[PDB]
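Chemist: Protein chains in written order, with the deposited numbering: chain R, 1 to 81; chain H, 561 to 616; chain D, 2 to 206; chain A, 248 to 392.
Dropping a structure here in structure tokens format, bear with me for questions.
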Amino acid sequence: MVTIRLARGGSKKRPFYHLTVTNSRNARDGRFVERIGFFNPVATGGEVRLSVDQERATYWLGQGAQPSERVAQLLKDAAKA
Amino acid sequence: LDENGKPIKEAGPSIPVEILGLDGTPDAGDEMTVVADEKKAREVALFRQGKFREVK
Amino acid sequence: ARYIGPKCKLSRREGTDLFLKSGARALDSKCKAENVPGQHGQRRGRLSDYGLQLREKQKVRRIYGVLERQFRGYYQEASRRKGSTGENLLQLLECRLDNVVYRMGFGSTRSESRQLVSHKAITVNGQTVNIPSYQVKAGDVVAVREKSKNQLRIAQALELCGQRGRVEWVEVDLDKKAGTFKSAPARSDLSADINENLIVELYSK
Amino acid sequence: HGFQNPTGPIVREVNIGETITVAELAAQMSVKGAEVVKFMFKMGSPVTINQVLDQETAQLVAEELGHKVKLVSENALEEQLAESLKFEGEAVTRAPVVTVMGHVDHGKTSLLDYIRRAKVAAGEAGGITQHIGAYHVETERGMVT
RNA sequence: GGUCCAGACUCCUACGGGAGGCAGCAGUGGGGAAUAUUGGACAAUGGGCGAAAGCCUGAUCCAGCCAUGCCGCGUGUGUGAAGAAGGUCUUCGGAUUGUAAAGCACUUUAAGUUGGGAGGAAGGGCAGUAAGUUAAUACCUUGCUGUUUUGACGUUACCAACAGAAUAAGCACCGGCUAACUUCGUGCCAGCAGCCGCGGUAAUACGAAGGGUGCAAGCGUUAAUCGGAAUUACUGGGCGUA
RNA sequence: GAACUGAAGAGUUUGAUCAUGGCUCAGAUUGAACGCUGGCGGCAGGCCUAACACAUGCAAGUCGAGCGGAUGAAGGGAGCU
Ligand SMILES: Nc1nc2c(ncn2[C@@H]2O[C@H](COP(=O)(O)OP(=O)(O)CP(=O)(O)O)[C@@H](O)[C@H]2O)c(=O)[nH]1
Ligand SMILES: [Mg+2]
Ligand SMILES: [Mg+2]
Ligand SMILES: [Mg+2]
Ligand SMILES: [Mg+2]
Ligand SMILES: [Mg+2]
Ligand SMILES: [Mg+2]
Ligand SMILES: [Mg+2]
Ligand SMILES: [Mg+2]
Ligand SMILES: [Mg+2]
Ligand SMILES: [Mg+2]
Ligand SMILES: [Mg+2]
Ligand SMILES: [Mg+2]
Ligand SMILES: [Mg+2]
Ligand SMILES: [Mg+2]
Ligand SMILES: [Mg+2]
Ligand SMILES: [Mg+2]
Ligand SMILES: [Mg+2]
Ligand SMILES: [Mg+2]
Ligand SMILES: [Mg+2]
Ligand SMILES: [Mg+2]
Ligand SMILES: [Mg+2]
Ligand SMILES: [Mg+2]
Ligand SMILES: [Mg+2]
Ligand SMILES: [Mg+2]
Ligand SMILES: [Mg+2]
Ligand SMILES: [Mg+2]
Ligand SMILES: [Mg+2]
Ligand SMILES: [Mg+2]
Ligand SMILES: [Mg+2]
Numbered sequence: 001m002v003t004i005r006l007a008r009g010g011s012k013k014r015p016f017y018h019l020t021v022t023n024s025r026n027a028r029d030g031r032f033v034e035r036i037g038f039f040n041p042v043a044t045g046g047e048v049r050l051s052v053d054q055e056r057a058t059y060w061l062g063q064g065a066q067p068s069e070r071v072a073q074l075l076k077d078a079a080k081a
Numbered sequence: 561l562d563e564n565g566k567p568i569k570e571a572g573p574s575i576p577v578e579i580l581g582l583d584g585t586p587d588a589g590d591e592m593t594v595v596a597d598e599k600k601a602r603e604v605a606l607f608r609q610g611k612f613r614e615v616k
Numbered sequence: 002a003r004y005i006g007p008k009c010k011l012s013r014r015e016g017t018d019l020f021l022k023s024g025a026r027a028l029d030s031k032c033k034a035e036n037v038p039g040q041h042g043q044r045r046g047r048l049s050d051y052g053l054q055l056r057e058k059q060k061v062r063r064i065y066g067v068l069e070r071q072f073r074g075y076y077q078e079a080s081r082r083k084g085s086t087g088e089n090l091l092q093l094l095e096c097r098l099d100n101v102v103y104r105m106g107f108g109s110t111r112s113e114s115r116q117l118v119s120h121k122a123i124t125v126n127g128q129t130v131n132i133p134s135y136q137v138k139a140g141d142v143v144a145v146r147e148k149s150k151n152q153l154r155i156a157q158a159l160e161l162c163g164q165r166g167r168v169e170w171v172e173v174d175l176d177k178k179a180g181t182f183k184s185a186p187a188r189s190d191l192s193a194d195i196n197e198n199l200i201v202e203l204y205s206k
Numbered sequence: 248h249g250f251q252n253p254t255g256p257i258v259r260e261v262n263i264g265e266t267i268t269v270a271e272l273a274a275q276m277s278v279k280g281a282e283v284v285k286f287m288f289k290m291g292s293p294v295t296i297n298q299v300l301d302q303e304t305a306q307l308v309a310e311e312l313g314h315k316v317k318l319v320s321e322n323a324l325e326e327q328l329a330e331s332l333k334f335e336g337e338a339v340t341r342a343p344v345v346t347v348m349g350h351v352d353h354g355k356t357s358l359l360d361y362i363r364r365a366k367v368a369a370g371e372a373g374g375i376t377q378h379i380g381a382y383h384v385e386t387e388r389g390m391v392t
């Protein structure tokens, strides 16, 4: 199906994540349909920990996209704030 | 390996074995020692190889 | 790497002051600084335009004690930046942490300020920095660690920096050895003998 | 912390390998070469400037003139490796090794083939041994190689 | 990393009779100037199945090797004129190596030892409570509360203490182009060379030694692309005699 | 407010000169190789040749809440011990 998951970038022991809407049978860092924000496990300082597009996320969830476990938790946390 | 195949894991003080993992083919009469220090073994082997080429 | 060796043949070869000793006693009464180093010292040997450009670049590099690859990086950054790379290079060289510590009177020379910085005795924004290339920004407060405030080196360096000229772009708080970087010193704040046009000419070839 | 005038002689740290020239030894001693050769004329058989001199006599002459002598190893890796590799305690008995030698067809393969029950002499090109064979067997009494 | 047929090539065999496909991750032989470990874990992000625990995952996350590249940091800092001893050159007066060394006094980054110490962790099991679903204080789903439980990397990043200057500099070049010069050997030899060109008895060009100039954990050489080349000229060339 | 800003020549044909014209050099780059030398770390990279042949391990399984069957715990017990 179509899912929303985390694509890993950054560098060794310094991970950065893009919240990506992908066909499920693609590479983790391969082709995607749309990026709807990012997540920073380290952040600190002026860096934000995570940001999401509410509009795009709701639109894709309304079209039948299944988010992962981390994407579900992070999206509900973002909606909490 | 031991004599008749069937790979083993340890070799005692007077048991002939077949070791697999060297880089080149040694010659009979050479002695082998366990170094337990990668860098020392590699540099000593390089030094010995240089001396061997020079003497040849 | 680092140039470690006789730090006065450089002055004789460049032919200028090119401060490398503490300046306590003198320069003339240590080396007879009027001849090029080596056996063929009495010869004059007028040299060519490429030689003049090379000598200018070497003089700047030996003044600030940086090697060739880092200097090329500095030149590329100065060219990338806006507004007349010629003094951009000097702006960028005059902001290194070792040079700033030297200008504040904490060290007698650049080598001793490098000794201090590398050996974890300097804090920039209340936190330790030990990279003698850290580009300090306007408004930082270079200080000395409390466990390193009783070194004599700082005492002689301060009492000897008391008479070399007023920098007038850093304020040193002498009693407790704390400084402040107001801004980068403009071209008119440095000596008007370096011909940076020769450096830019040399690298643009 | 000004200038203090030195009083006594000059002492150095001379380094000597397997062999050295008299000129090099004098150079590391900060003395004129012709002096050192002269010092041989007053002690046993003289030498020349360029003749290759050994290590024992080099150390002797360097210590005779009051210098700190520290030598070096030509193959220091081997001594460094050997030194920090051989240190252990404890001791146990081991199975004995034994070799079998003799004339051509006197029957040294058949004896081992009976002791092991292996009948390897049936094969073998030309009915002769051309490779050294090493076996570990459990005899009626104990283990033997 | 499925089936069938045919083929080339290897192998098994008890001679009746079958099997195989590393251009998956390690690894071997071979070819070559030349390119690495039979490593660890599913802790993290993903994928398959499951209802859910959970199972699988050479994807992935990490470790090992190699100056292959880029970047950063060390190999100490100040004073020190008997301008020591030795080397080299000399007009034999001296100059230079050179504040360089020694001496004196400081500092401990990195490396060594010891002790502290995050962040990568979301979740899962159990127990309780409240809402919705019904027909129901059932099951179940969802908020929350309490307890328990998870990290390969890993002796993590980072931080504090101890000792001592202690553990750490080489490579190319010096006739012009092109920064940097003299002596000694050799004598159209031995040799050098990118192009002009050096060497036939005073060679700043060969080989050493003193000195110096460039770079610097690298420095040179070889191979290859563009540039300079307006030398295929669109931008931007020419054709009387080149 | 920014997203640019940018262009060097020299040696060699002659007794000397100008032109034409070729050769060579000074720069920046490599998945590089070789020679000499070699302390540390961070981030990357690593069969360009034989789509040559491959010993040995692992790389794709899961569902008992779809279905028979056989494996048959702890226990409740019953008898003898
Ligand atoms: N009658 C008899 N024959 C024997 C005896 N031992 C060996 N042989 C015979 O001798 C022949 C060779 O014996 P073998 O064991 O091959 O000798 P070898 O010394 O091993 C051969 P090489 O020296 O080359 O290794 C065999 O054919 C065997 O039958 C024995 O005790 N008795
Ligand atoms: Mg570097
Ligand atoms: Mg035999
Ligand atoms: Mg026979
Ligand atoms: Mg396969
Ligand atoms: Mg493979
Ligand atoms: Mg194949
Ligand atoms: Mg080969
Ligand atoms: Mg290689
Ligand atoms: Mg996993
Ligand atoms: Mg199960
Ligand atoms: Mg498996
Ligand atoms: Mg595994
Ligand atoms: Mg490295
Ligand atoms: Mg190399
Ligand atoms: Mg002298
Ligand atoms: Mg944690
Ligand atoms: Mg010149
Ligand atoms: Mg001569
Ligand atoms: Mg030449
Ligand atoms: Mg020469
Ligand atoms: Mg080329
Ligand atoms: Mg062109
Ligand atoms: Mg070209
Ligand atoms: Mg045209
Ligand atoms: Mg033309
Ligand atoms: Mg014509
Ligand atoms: Mg004609
Ligand atoms: Mg001519
Ligand atoms: Mg290939």
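All C-beta atoms, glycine included, are put in the ideal place defined by N, C-alpha and C.
Measure the C-alpha to C-alpha separation of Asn131(D) and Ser119(D) and round it to an integer number of angstroms.
Modeler: Their backbone Cα atoms lie some 5 Å apart in a straight line.
Chemist: Count the other CB atoms within 10 Å of the CB of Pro67(R); is the residue buried (16 or more) or exposed (fewer)?
Modeler: So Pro67(R) ends up on the buried side.
Chemist: Going residue by residue through the segment 301-378 of chain A, where are the continuous beta strand (DSSP E) segments of at least 3 residues, counting only ones entirely within it?
Modeler: Complete beta strand (DSSP E) runs here, min 3: 315-318.
Chemist: Out of curiosity, what's the CA-to-CA distance linking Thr17(D) and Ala273(A)?
Modeler: Whole-angstrom Cα-Cα distance: 40 Å.
Chemist: When we look at the beta-carbon of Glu57(D) and count the other beta-carbons within 10 Å, is it buried (16 or more) or exposed?
Modeler: So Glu57(D) counts as buried.
Chemist: Using the beta-carbon count (16 or more within 10 Å), is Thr346(A) buried or exposed?
Modeler: The residue is exposed, with fewer than 16 neighbouring Cβ atoms inside 10 Å.
Chemist: Answer with yes or no whether the minimum CB distance from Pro586(H) to chain A is below 8 Å.
Modeler: Chain A, which has no Cβ nearer than 8 Å to the Cβ of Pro586(H), makes this no.
Chemist: Hey, does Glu563(H) have any beta-carbon neighbour from chain A nearer than 8 Å?
Modeler: Yes, its Cβ sits closer than 8 Å to a Cβ of chain A.
Chemist: Are there 16 or more other CB atoms within 10 angstroms of the CB of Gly180(D), so buried, or fewer, so exposed?
Modeler: That one is buried.
Chemist: Whose CA, out of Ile362(A), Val261(A), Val294(A) and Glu282(A), lies closest to the CA of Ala309(A)?
Modeler: Considering only alpha carbons, the answer is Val261(A).
Chemist: Using DSSP with H/G/I as helix, E/B as strand and the rest coil, what is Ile195(D)?
Modeler: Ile195(D) falls in the coil class under three-state DSSP.
Chemist: So, do the segment 563-578 of chain H and the segment 586-600 of chain H have three or more beta carbon pairs nearer to each other than 8 Å?
Modeler: Counting Cβ pairs under 8 Å, fewer than three are found: no touch.
Chemist: Below 7 Å on C-beta distance, what does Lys616(H) contact in chain A?
Modeler: Neighbours of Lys616(H) on chain A: none; closest Cβ ~18 Å, over 7 Å.
Chemist: Residues of chain A with CB closer than 9 Å to the CB of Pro576(H), please, in chain order.
Modeler: Within chain A, the residues near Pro576(H) are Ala381, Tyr382, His383 and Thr392.
Chemist: Do you know offhand how far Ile123(D)'s Cα is from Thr129(D)'s?
Modeler: Cα-Cα distance, rounded: 6 Å.
Chemist: For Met348(A), I'd like the list of residues in its chain whose CB is within less than 8 Å of its CB, leaving aside the five on either flank, ordered along the chain.
Modeler: The answer, listed in chain order, is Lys355.
Chemist: Looking only at its own chain, which residues have a Cβ that is under 7 Å from the Cβ of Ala2(D), when we skip the five neighbours before and after it?
Modeler: Closer than 7 Å at Cβ, skipping near neighbours: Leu68.
Chemist: List in chain order the residues whose CB is within less than 7 Å of at least one heavy atom of ligand 3.
Modeler: Cβ atoms closer than 7 Å to ligand 3 belong to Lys355(A), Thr356(A), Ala368(A), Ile375(A) and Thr376(A).
Chemist: How close, in whole Å, do the beta carbons of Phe39(R) and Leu50(R) come, if the pair is a contact with beta carbons under 8 Å?
Modeler: Contact flag correct, Cβ pair sits at about 4 Å.
Chemist: What distance in whole Å lies between the Cβ atoms of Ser184(D) and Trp170(D), which are believed to be in contact at a cut-off of 8 Å?
Modeler: At roughly 6 Å, the Cβ-Cβ gap stays under 8 Å, so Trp170(D) and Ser184(D) are in contact.
Chemist: Measure the CB-CB distance between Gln306(A) and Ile257(A) and report whether it falls below 8 Å.
Modeler: Result no, Cβ atoms of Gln306(A) and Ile257(A) do not sit closer than 8 Å.
Chemist: Check distances from the C-beta atoms of the segment 296-323 of chain A to those of chain H and list, in chain order, the residues that come in under 7 Å.
Modeler: Going along the segment 296-323 of chain A in chain order, one finds no residue with a Cβ nearer than 7 Å to chain H.
Chemist: Tell me, please, which residues DSSP counts as bridged to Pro67(R).
Modeler: Beta-bridge pairing links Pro67(R) to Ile4(R).
Chemist: Are the C-beta atoms of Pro567(H) and some chain A residue less than 8 Å apart?
Modeler: Taking Cβ atoms only, chain A never reaches closer than 8 Å to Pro567(H), which makes this a no.
Chemist: When the distance is taken between beta carbons, is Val137(D) closer than 8 Å to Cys162(D)?
Modeler: Contact flag unset, no.
Chemist: I'd like to know if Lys600(H) contacts chain A, where contact means its C-beta is closer than 8 Å to some C-beta of that chain.
Modeler: Judged by the 8 Å Cβ criterion, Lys600(H) is in contact with chain A.
Chemist: Could you check whether the segment 75-92 of chain D touches the segment 192-204 of chain D, counting it as contact only if at least three pairs of C-beta atoms, one from each stretch, sit closer than 8 Å?
Modeler: Touching, yes.
Chemist: Taking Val143(D) and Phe182(D) to be in contact with their CB atoms under 8 Å, please state how far apart those CB atoms are, rounded to whole angstroms.
Modeler: Between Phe182(D) and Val143(D) the Cβ distance is about 7 Å, and since that is below 8 Å, they are a contact.
Chemist: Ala7(R) and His18(R) - do their beta-carbons sit closer together than 8 Å?
Modeler: Closer than 8 Å, so yes.
Chemist: By the 7 Å beta-carbon criterion, what residues does the segment 337-350 of chain A contribute toward chain H?
Modeler: Those residues of the segment 337-350 of chain A that come within reach of chain H (Cβ to Cβ, closer than 7 Å) are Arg341, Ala342 and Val344.
Chemist: Looking at the structure shown, is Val284(A) part of a helix, part of a strand, or coil, going by DSSP?
Modeler: Three-state DSSP puts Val284(A) in a helix.
Chemist: Identify the contact partners of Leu332(A) in chain H, using a Cβ-Cβ distance below 8 Å as the criterion.
Modeler: Within chain H, the residues near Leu332(A) are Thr593 and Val595.
Chemist: Roughly how many angstroms lie between the CA atoms of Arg608(H) and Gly336(A), to the nearest whole one?
Modeler: Each residue's alpha carbon lies about 30 Å from the other.
Chemist: Whether or not the segment 148-162 of chain D and the segment 95-115 of chain D are in contact is what I'm after, with contact meaning three or more pairs of Cβ atoms, one per stretch, closer than 8 Å; do they touch?
Modeler: Yes: at least three Cβ pairs fall under 8 Å.
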